[PDB]
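Visitor: Quick one: this structure, given as structure tokens, is what I'll be asking you about.
Positions of Cβ are backbone-derived with ideal geometry, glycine not excepted, and every protein chain shown enters the neighbour counts. What follows draws every value from the coordinates through simple rules; no lab data is involved.
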Amino acid sequence: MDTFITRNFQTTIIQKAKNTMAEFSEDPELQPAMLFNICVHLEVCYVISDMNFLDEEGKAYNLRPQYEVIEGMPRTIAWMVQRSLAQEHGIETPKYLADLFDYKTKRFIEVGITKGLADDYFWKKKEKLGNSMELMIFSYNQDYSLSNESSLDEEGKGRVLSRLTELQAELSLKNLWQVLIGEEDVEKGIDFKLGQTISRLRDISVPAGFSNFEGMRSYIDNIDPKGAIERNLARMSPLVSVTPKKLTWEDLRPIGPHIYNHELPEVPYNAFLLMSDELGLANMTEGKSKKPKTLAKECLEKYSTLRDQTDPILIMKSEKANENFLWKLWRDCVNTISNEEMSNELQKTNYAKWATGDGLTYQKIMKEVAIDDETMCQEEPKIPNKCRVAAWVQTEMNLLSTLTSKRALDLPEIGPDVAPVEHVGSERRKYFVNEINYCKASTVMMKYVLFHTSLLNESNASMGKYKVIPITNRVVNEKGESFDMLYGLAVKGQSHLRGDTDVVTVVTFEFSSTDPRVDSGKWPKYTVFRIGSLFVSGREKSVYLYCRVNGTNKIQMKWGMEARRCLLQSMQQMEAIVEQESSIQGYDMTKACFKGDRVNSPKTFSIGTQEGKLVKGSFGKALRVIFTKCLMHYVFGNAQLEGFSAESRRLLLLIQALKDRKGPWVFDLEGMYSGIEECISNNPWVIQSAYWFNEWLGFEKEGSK
Amino acid sequence: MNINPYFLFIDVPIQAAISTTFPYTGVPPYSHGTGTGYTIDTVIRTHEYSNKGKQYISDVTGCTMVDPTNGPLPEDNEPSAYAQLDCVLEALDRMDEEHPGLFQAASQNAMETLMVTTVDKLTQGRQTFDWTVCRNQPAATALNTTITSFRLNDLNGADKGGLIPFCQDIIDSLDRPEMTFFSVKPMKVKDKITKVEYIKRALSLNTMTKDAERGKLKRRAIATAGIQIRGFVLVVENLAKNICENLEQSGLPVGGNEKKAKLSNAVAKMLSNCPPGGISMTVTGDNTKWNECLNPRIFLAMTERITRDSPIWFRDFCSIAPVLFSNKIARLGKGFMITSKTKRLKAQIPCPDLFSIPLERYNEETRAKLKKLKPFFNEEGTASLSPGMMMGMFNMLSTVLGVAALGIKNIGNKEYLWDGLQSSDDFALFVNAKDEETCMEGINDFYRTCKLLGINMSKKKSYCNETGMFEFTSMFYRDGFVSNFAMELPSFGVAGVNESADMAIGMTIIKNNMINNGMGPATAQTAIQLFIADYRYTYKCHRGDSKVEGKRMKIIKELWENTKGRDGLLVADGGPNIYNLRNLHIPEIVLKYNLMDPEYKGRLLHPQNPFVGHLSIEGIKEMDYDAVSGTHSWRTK
RNA sequence: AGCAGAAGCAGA
């Protein structure tokens, strides 16, 4: 139909109509229908003003016509010029859009091209408008209706009638007349009367000081409130001020100083699974990813000595932990995983019931009974405890960022690269994976994701059964050998999870080589037995079983299944840096970034401290550190971390501004400090982030000199 | 040696590595249990900033109404909703002067769009508060229920098809002495309510805790409105959007590349317009209690002024929405749980019975909350919330107000100019003067002006620094180089429809996230790898040569051995992954078609395959996707 | 117990 539209209308008409549509924001392709109408409208509004001009005195027949078109041009310009004419000629301005203006009667023309009878359409247009404008309605059935006598002579009327003569039949002969939509449809809704009740609501919805809505409308329409802002500001109290204050390195005091107070207990270990102290029993395999139960059975068979232990030495007991019950549960787990039965279900026994916390939820009663009772009161909410810095977090960060002789990632393949963009992408992935894959953090993340996947599957499919879920991983060393690592066993309790936040308890028994007594404060939550010893590096290293009761909901499990996203957060990050160094150089800097070249030396990043002295590491080391930071954000993520990061971002930006000598100012520094500090309660990562922020702020202060 | 991640910033700018400070890999915070506490907190805070205003009793619903506008000017730095009508009118008039004809043109545009708009448009919204059942339901379901209810009460305006008759029926419904509606009690039933009860329900709001919000230690409540006001809010927002589109300082509605372009252009324009020897300073601001402090009556005045030269009927139509909002009523949610630990018993007290027990049995926080809520409480469990904008829904109009505030540019002919960008509740204010002290003076004047219009800049979260670096809606600018729009990268997991449309959806989402949101080539390729890994794990269709064992994987291995041309196999059948950045948009089946041998190609492209079965226009396309009706287009049970 | 953190879950 567009090819047909172009026939009757020149490019300028089509583009003007399309632009007028563009000020409507409905897909022009969707309905050319009204497009037709408007262009026709536009066309007639031009033919009425084709050769009719006026002279400097009023001669009807120089640089002035007797008409001026409004339609087609931008709405804002059209309205501004319409208002200009209205104020210049001292005539009432129509409240609707004007389509054409006359220079002799000094009145605003309205034109309507309708399908059928004209007089009824003329009366409907009057209903819309009334007498604010003179109406010139035309209809293809040789119909016309003009509200003014001498608006235009017979020549123009005949010309427009002839111009519509083709469109009254030309569309039909080529079979287009049928789908021609009318012109009143786009303006069917004009009548809108408010009811009594809504009128009263509007009346009581007036700003204070006005009797009713009519008074408010009159005031807003009539009074000119010039100088109101200046007057009110002048009479406003000076106490309402932003209190500017130029920022200086002195104002930046350490955040959350209470973490240096030794009275508060040191923040304890709370991660779901052991991260750096994990001890994986390794079994050599060359293929098949056998069942988790079968894999655990085989791994324990290889180490029957540890499996067959039955007289443990209780090393640490948690405050509210039943050592006998935990040991019985562990023995039940080992026996069930080592049996010939495929099923890994545990009978709901007394110690299992206690460890899973069977039958602890409070019973629900009718509201009336509770209301009658007096001893029933809303419990005071539990507030997170305040804790101080702990060195175990620093040890975790140091150890998990160190390279290891293993590979946990087994990412799949992609199609061969062709274009340069995929070539550079492949190069970047090659380098980033070559660096990350050999880090402990990657293996820890793989363990987390696999365990969470298995836990979610078991909880969803075995809601009403106690299940033992081995903590398993698949690893490959640099030499191509494949190992299956068994880190521990997990008991899954009842998982009738209805809400997203419903909690299912999991009892984790994880192997480890660290003696808890080395750092007692790190293990107040963990019941630790000494299950045996192993020969590793010429020494009989003790092997302990860290037993703990933890809990997770559906959301945490689903996010654990997606822990791989950490990679992305790291990757993007470093990619940005690479992109930045490309901008400075104009060509791919990936190779120069990682390994350097004859032109640009390899990049280095300030990494940490050694004997109180700043030290620098390679690009790969920084990549691994930020990756472990992302993994930590996962494992220790909660509302406290979100709040702390959000509130400390502002302080970081202020420090950056100070470094750039951008003389930053602040308006309420104490408020920002309080907002930052209120989030530092018990999250180990948050506390260590506060400590590192203090240290780095000190180093930046030293450098600023 | 002790590692220190923050030491990275010593060698790299913070903005360049800002992504490190965003903990988007962690589990987002989630709310547990009732949201009544947060809703009551919001109500109390809203009434606290306006208690000094005129207090009266509504004569239509009987609720307590607090009106702060035209109230006493604030005397402290605490949030103040005592906006002055005269100042708002002055700001709007100045903006009109700077944009001649913009207001009336936008009013006409919105009015015509509203003519052409149909009732079905209302189905495009998100969850809405259905009043027939008093719960949050999809927009289409709420629209259907309300239309049927109106049919029962002789309100057949929706039959006409246009939005105007539907909204006319909406307003006329408030006049009916009694209303009959379809309720669910589960089975369908007819229930009758009185005029006042229907009015309260229509004006009522549903409240729920916001879940998965990032960067906020404490949860906050959000509000969903009814279906009655959706048309009026829609037209008001269209009008405000039309105004915003033409406003240079409006940081809306486009996002992405145009956002960075607008930031850079504003910064450069601002530097260039600096008097020689002067200084330019940028204030990154954050609006505290943005929703709470804004008053619906101010928006009513805004609509009245915007439609100065518009037909009376359209003026009424625009004015309706502020009127209903100013009389809005908030539902308090599920209630509170009271427990006896000695007996291990719990009991839920719903909102209507909130005061049915002595307040001594509540904790301190809830005790104070209810004590302050008492006056605004209603017997049925809802609270009068005449001030405030808890639901938002006026992002465009609020942005217009903020831009108008930004349009003053000077007070008392002082030696400083100010402009900037405004977007909802965030803004960046650039000020030029001869010295930094004068810039701070101008910023103080701007703060007072914003106070005057019901906007409270947050002194705790805002800051200022010499022009050249700043932040705006999570977009960080530093010497031209804009870091990125930090957005929660999603889980490139199984889309969850079938085998083939699943891959189509995955690759399309990767492509879109690359093209619209920020993601580079290596990140996108790692995204493809992760998605393929998850897909293969979910469907158990690992590579044919992959020695993983499984029930279906056994037949897959048999296929692999049988197959001669392994290049042309779909990953759904253990085939190699061929996708990359180049061929992201092309379906895999067409990619491999030239490679697949007839031995299996014929079976895959079986016309009467017994899996797809009867299809529907929605099935193949329903976001939309491209696929082939092969053996991997099967459906659920 | 535990998860967890201004309020819940630890089946209905």
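Visitor: Could you work out, residue by residue across A:643-655, how many beta carbons of other chains sit within 10 Å of that residue's beta carbon, and then give the average as an integer?
Guide: 6
Visitor: Listed highest first by mean packing, meaning other Cβ atoms within 10 Å per residue, what order do B:398-406, A:647-655, A:333-341 come in?
Guide: B:398-406, A:647-655, A:333-341
Visitor: Sort out for me the Cα centre separation of segment B:380-409 from segment A:460-493, rounded to whole Å.
Guide: With segment B:380-409 and segment A:460-493 each reduced to a Cα centre, they are spaced 53 Å.
Visitor: Could you tell me the distance between the Cα centroids of segment B:304-368 and segment A:387-454, to the nearest Å?
Guide: 48 Å
Visitor: Another question, then. I want the local charge near A:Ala352. Using Cβ-Cβ distances under 13 Å, sum +1 for each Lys or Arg and -1 for each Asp or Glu among the other residues.
Guide: Once all neighbours under 13 Å are counted, the net charge is +4.
Visitor: I need A:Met73, B:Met65 ordered by Cβ neighbour count within 10 Å, fewest first.
Guide: Fewest-to-most Cβ neighbours within 10 Å comes out as A:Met73, B:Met65.
Visitor: Residue by residue through segment A:537-543, which ³J(HN,Hα) values in whole Hz follow from phi under the Karplus form 6.51 cos²θ - 1.76 cosθ + 1.60 (θ = phi - 60°), with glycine and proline marked x?
Guide: Residue by residue, segment A:537-543 yields 10, x, 10, 7, 7, 5, 10 Hz.
Visitor: Summing -39500 (n - 2.57) over the DSSP H runs of n ≥ 4 in the protein assembly as shown and dividing by its residue number, what mean residue ellipticity at 222 nm do you reach, to the nearest 500 deg cm²/dmol?
Guide: That comes out to -12500 deg cm²/dmol.
Visitor: From the phi angles alone, apply the Karplus equation (6.51, -1.76, 1.60; θ = phi - 60°) to segment A:328-343 and give each ³J(HN,Hα) in whole Hz, x where the residue is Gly or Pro.
Guide: Result, rounded to whole Hz: 4, 5, 5, 5, 4, 4, 4, 5, 5, 6, 8, 7, 7, 6, 5, 5.
Visitor: How far is it, in nm, from the label point at A:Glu154 to the one at B:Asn273 when both lie 7 Å from their Cα along the line to the Cβ?
Guide: A separation of 6.1 nm, rounded to one decimal place.
Visitor: Find the all-direction average of the projected area of the Cα convex hull for chain A, expressing the result in square nanometres with one decimal place.
Guide: Computed as one quarter of the Cα hull surface, the answer is 54.6 nm².
Visitor: Distance in nm between label sites at B:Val254 and A:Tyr144, each 7 Å beyond Cα in the beta-carbon direction?
Guide: 4.7 nm
Visitor: Let me ask something additional. What is the distance in Å between the Cα centres of segment A:147-185 and segment A:549-570?
Guide: About 68 Å separates the Cα centre of segment A:147-185 from the one of segment A:549-570.
Visitor: Can you compute the charge dipole magnitude of segment A:438-532 about its Cα centre, using +1 on each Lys and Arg Cβ and -1 on each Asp and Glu Cβ, nothing else charged? Give it in debye, rounded to the nearest 20.
Guide: 180 debye
Visitor: Ranked by Cβ crowding within 10 angstrom, fewest neighbours first, how are B:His99, B:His606 ordered?
Guide: The most exposed by this proxy come first: B:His606, B:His99.
Visitor: Skipping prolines and chain starts, which residues have an amide H placed within reach, meaning under 5 Å, of the one on A:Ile469, given they are 5 or more residues away or on another chain?
Guide: A:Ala490, A:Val491, A:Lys492
Visitor: Evaluate the charge dipole of segment A:606-705 about its Cα centre and quote only its size in Debye, nearest 20, assuming +1 on the Cβ of each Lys and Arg and -1 on the Cβ of each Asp and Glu.
Guide: For this selection, approximately 640 debye.
Visitor: If you don't mind, another one. What span do the alpha-carbon atoms of the protein assembly as shown cover on each of the three principal axes, reported in whole Å from largest to smallest?
Guide: Computed over the protein assembly as shown, the largest-to-smallest principal extents equal 117, 80, 76 Å.
Visitor: Can you compute 3J(HN,Hα) from phi for each residue in segment A:439-451, using the Karplus curve 6.51 cos²θ - 1.76 cosθ + 1.60 with θ = phi - 60°, rounded to whole Hz and x for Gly and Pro?
Guide: 10, 5, 4, 4, 5, 4, 5, 4, 4, 4, 5, 5, 4
Visitor: Amide H to amide H under 5 Å from A:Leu247: which residues, 5+ apart in sequence or cross-chain, H placed 1.01 Å off N in plane?
Guide: For A:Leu247, the qualifying residues are A:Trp665, A:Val666.
Visitor: Continuing with this model, one more query. What's the local net charge at A:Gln556, with K and R +1, D and E -1, over the other residues with C-beta under 13 Å away?
Guide: -1
Visitor: Now a separate question. In the neighborhood of B:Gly381, defined by Cβ-to-Cβ distances under 9 Å, what is the net charge if each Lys or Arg adds +1 and each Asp or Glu adds -1?
Guide: With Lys, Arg at +1 and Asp, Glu at -1, the neighbours total -2.
Visitor: Right, here's the next one. Have a look at A:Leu623, A:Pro32, B:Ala81 and report the one farthest towards the positive end of the charge dipole of the protein assembly as shown, computed about the Cα centre with Cβ charges (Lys/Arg +1, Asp/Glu -1).
Guide: Ranked along the dipole, the leading option is A:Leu623.
Visitor: Could you compute the FRET efficiency for B:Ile620 and A:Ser237, with r as their C-beta to C-beta distance and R0 at 60 Å, rounded to 0.05?
Guide: 0.35
Visitor: I need to check one value: relative contact order of segment B:528-594, counting alpha carbon pairs closer than 8 Å and at least 6 residues apart, in percent.
Guide: 30 percent.
Visitor: If you take each beta carbon of peptide B:113-120 and count the beta carbons of other chains within 10 angstrom, what is the mean?
Guide: 3
Visitor: How would A:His89, B:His542 line up from fewest to most surrounding beta-carbon atoms within 10 angstrom?
Guide: Taking fewest neighbouring Cβ atoms as first place, the list is A:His89, B:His542.
Visitor: Check chain A for me: any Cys whose beta-carbon has no other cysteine beta-carbon within less than 4.7 Å?
Guide: By the Cβ distance rule, which asks for a partner under 4.7 Å, the isolated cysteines are A:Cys39, A:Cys45, A:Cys299, A:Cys333, A:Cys377, A:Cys387, A:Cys439, A:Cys547, A:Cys593, A:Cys679.
Visitor: Go ahead and run the numbers for FRET between A:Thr395 and A:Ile313, Cβ-Cβ distance against an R0 of 30 Å, rounding to 0.05.
Guide: Approximately 0.75, to the nearest 0.05.
Visitor: Oh, and also: Which FRET efficiency value, to the nearest 0.05, is calculated for B:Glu97 and B:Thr141 with the Förster distance at 60 angstrom and r the Cβ-Cβ distance?
Guide: 0.80
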